[PDB]
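A.B. asks: PDB entry and its sequence, pasted below:
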Amino acid sequence: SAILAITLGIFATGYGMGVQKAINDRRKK
């Protein structure tokens with residue numbers, strides 16, 4: 001499932017460094 005890395009990689013940058021981390025600051029996955 002190559003797309004798995006695509007849809008994900010493109011979805012990751014959608015947030016950012018501290019953006020997606022904001023949710024981790026409290027409940028880091």
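C.D. replies: Cool, got the structure. Numbering: from 1, shown residues only.
A.B. asks: residue contacts, the residue positioned nearest the centre of the chain?
C.D. replies: What sits nearest the mean C-alpha location of the chain, by CA atoms, centre = their mean, is residue 12, with 3.5 Å. Shown in contact with residue 12 (CB atoms under 8 Å, 6 or more residues apart in numbering): residue 20. Backbone N, C-alpha and C define where each C-beta goes, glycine included.
A.B. asks: From residue 6, how far out is it?
C.D. replies: Look at residue 12 and residue 6: by CB to CB, to the nearest Å, they are 11 Å apart.
A.B. asks: got it, and residue 20?
C.D. replies: When residue 20 is compared with residue 6 (using CB to CB), they lie 18 Å apart.
A.B. asks: With neighbour numbers in mind, choose between those two.
C.D. replies: Neighbour comparison, residue 20 and residue 6: the larger count goes to residue 20, with 14 against 10 (by other CB atoms under 10 Å).
A.B. asks: now that one, nearest residue through space, not along the chain?
C.D. replies: residue 12 (7.3 Å; CB to CB, 6 or more residues apart in numbering).
A.B. asks: For the one you found, what are phi and psi?
C.D. replies: Phi and psi for residue 12, reported as degrees, to the nearest 10, are phi -70, psi -60.
A.B. asks: From residue 5, how far out is it?
C.D. replies: Distance from residue 12 to residue 5, by CB to CB: 10 Å.
A.B. asks: Between these two, which contacts overlap?
C.D. replies: What both residue 12 and residue 5 touch, as defined by CB under 8 Å, 6+ apart, is an empty set.
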